[PDB]
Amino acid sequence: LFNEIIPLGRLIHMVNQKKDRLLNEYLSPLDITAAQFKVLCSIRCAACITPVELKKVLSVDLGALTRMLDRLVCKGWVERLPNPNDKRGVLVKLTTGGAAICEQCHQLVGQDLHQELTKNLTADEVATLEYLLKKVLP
């Protein structure tokens, strides 16, 4: 692995891959799926967002989103309200319980990933990788 020249793009891929695999593994015992968790974190950040805008942010099939949003409402984690800047549409936001669920999860997974991801590079120091990864964003 350290004897092969793998281009950054693929490495970022492989690592994101791993990151998600760990995520699924951490949510495996909980009554919620990785996808449901992602949809909650995305609606949260935006406070209120349209399903279509949410559809664009997640890069997902609209059909699967609709069923997804309905499942989330059934779980009492999401609710729909009229869109002010419109009238033919709605917005979806988290219900109080949904918000709590999203925070219980966000905290736990965030505490297991950091460890697992940093489990062996710590010496080289997460701060350095983080530093260089920032130089890629602007």
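One rule holds for the numbers: they count along the sequence shown, beginning at 1.
The stretch with the higher mean CA B factor, choosing between 11 to 19 and 122 to 130, is 122 to 130.
The PDB entry records a higher mean C-alpha B factor for 40 to 48 than for its counterpart among 40 to 48 and 70 to 78. For the set 105, 92, 34, 54, the maximum C-alpha B-factor listed in the entry falls on 105. In the deposited entry, the Cα temperature factor of residue 100 places it in the middle third of its chain's modelled residues.
In the deposited entry, the Cα temperature factor of residue 60 places it in the middle third of its chain's modelled residues.
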